[PDB]
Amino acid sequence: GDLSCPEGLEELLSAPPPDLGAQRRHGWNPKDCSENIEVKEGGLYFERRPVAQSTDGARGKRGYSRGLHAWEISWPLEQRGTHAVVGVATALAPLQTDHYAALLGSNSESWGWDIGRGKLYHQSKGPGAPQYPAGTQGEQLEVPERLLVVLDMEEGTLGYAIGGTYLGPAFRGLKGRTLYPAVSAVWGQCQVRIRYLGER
């Protein structure tokens, strides 16, 4: 798993983590999220309000076009509901829709891992979406509360780490974009945290 990781990731993750100011600066954007989401603590987490028949997303404040970036998402297991998707989006991706869906990854402007189903979405309405990671250690993975999201803008990849192990690149084809941390959620009163881990 780790032999596929971006250059510099092991060193980035071993460094002292960004302080609370940096976590807020790179955290969720109150000015760039669904109307049904509130961003709290200056960006450290968001809460989705209990609005029926809605999927709701948020972007981070800072868009990345070069180098290696990583962040931790913390998403309580019992607050995931039917469609919990973690990834990245351009500034143009839609962040709300009036039904329950994997909104993140349902278009050209977003890329998501469904942490309930283990499926990857890009330009996908869901039918046929591939498993990630591929394999049997892949067929049994339960995504725990915390996961790392790893964006390599030199290779143009998005991948994830759990429990200290990089799980491989999930998506390629990201170069020449400005990409923001993103999630889409459906669960009433879910509280999803973002913890920026820095850049190389």
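Start at 1 and count along the sequence shown; that's the residue number.
When the C-alpha B-factors of 37-45 and 159-167 are averaged, 159-167 comes out higher. Two stretches are in play, 15-23 and 188-196, and the higher mean C-alpha B-factor belongs to 15-23. Annotation for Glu78, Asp114, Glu109, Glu72: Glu78 ranks highest, by Cα B-factor.
Ranked by C-alpha B-factor against the other modelled residues of its chain, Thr97 falls in the middle third. When the modelled residues of the chain are ordered by their C-alpha B factor, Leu120 lands in the middle third. For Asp152, the recorded CA B-factor ranks within the middle third of the chain. Only modelled residues enter the ranking. Per-chain ranking of the deposited C-alpha B factor places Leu68 in the middle third. In the PDB entry, a CA B factor belonging to the lowest third of its chain's modelled residues is recorded for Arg59.
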